[PDB]
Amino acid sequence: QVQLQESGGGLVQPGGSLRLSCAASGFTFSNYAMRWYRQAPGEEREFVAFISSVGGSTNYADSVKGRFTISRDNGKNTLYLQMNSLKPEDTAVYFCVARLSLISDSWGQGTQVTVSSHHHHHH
């Protein structure tokens, strides 16, 4: 079975960083362009970043350009999203996304990112 499993989410102070990972399994990862999407409560899901199969080409939503970096390891079959200078508006579930053909895809279940100055009340 094709599986995508995100991790690296957390509750973090504004200005901080996170690094999401997505462990891919059950398909030849290096043959496919990969994406990150995100979805805030009550909002529609939105494009975050795209990386070509080999990883040389990338592009980003305007809102995260210059702060986020998408990258991939084609031996570990893992996709990454390095997130710097985080803001409350980045709060959302983040999804790893594989388009497997023109008409099929697979989505991870997502990892929760919350950016809030109240982080220290939960630990």
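In this text, residue numbers run from 1 along the sequence as written.
With respect to the recorded C-alpha B factors, which stretch has the higher mean value, 77-85 or 43-51?
Taking the mean C-alpha B-factor of 77-85 and of 43-51, the larger value falls to 43-51.
Sorting by Cα B-factor within the chain, modelled residues only, which third would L20 end up in: lowest, middle or highest?
For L20, whose C-alpha B-factor we compare with every modelled residue in the chain, the answer is the middle third.
What third of the chain does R38 rank in for C-alpha temperature factor, lowest, middle or highest?
It belongs to the lowest third of the chain when residues are ordered by C-alpha B-factor.
Mind checking which third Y94 falls in for C-alpha B-factor across the chain?
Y94: CA B-factor falls in the lowest third of its chain.
Give the position of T28 by CA B-factor within its chain, expressed as the lowest, middle or highest third.
According to the entry, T28 has a C-alpha B-factor in the chain's lowest third.
Considering every modelled residue of the chain and its Cα B-factor in the PDB entry, is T69 in the lowest, middle or highest third?
Its C-alpha B-factor belongs to the middle third of this chain's values.
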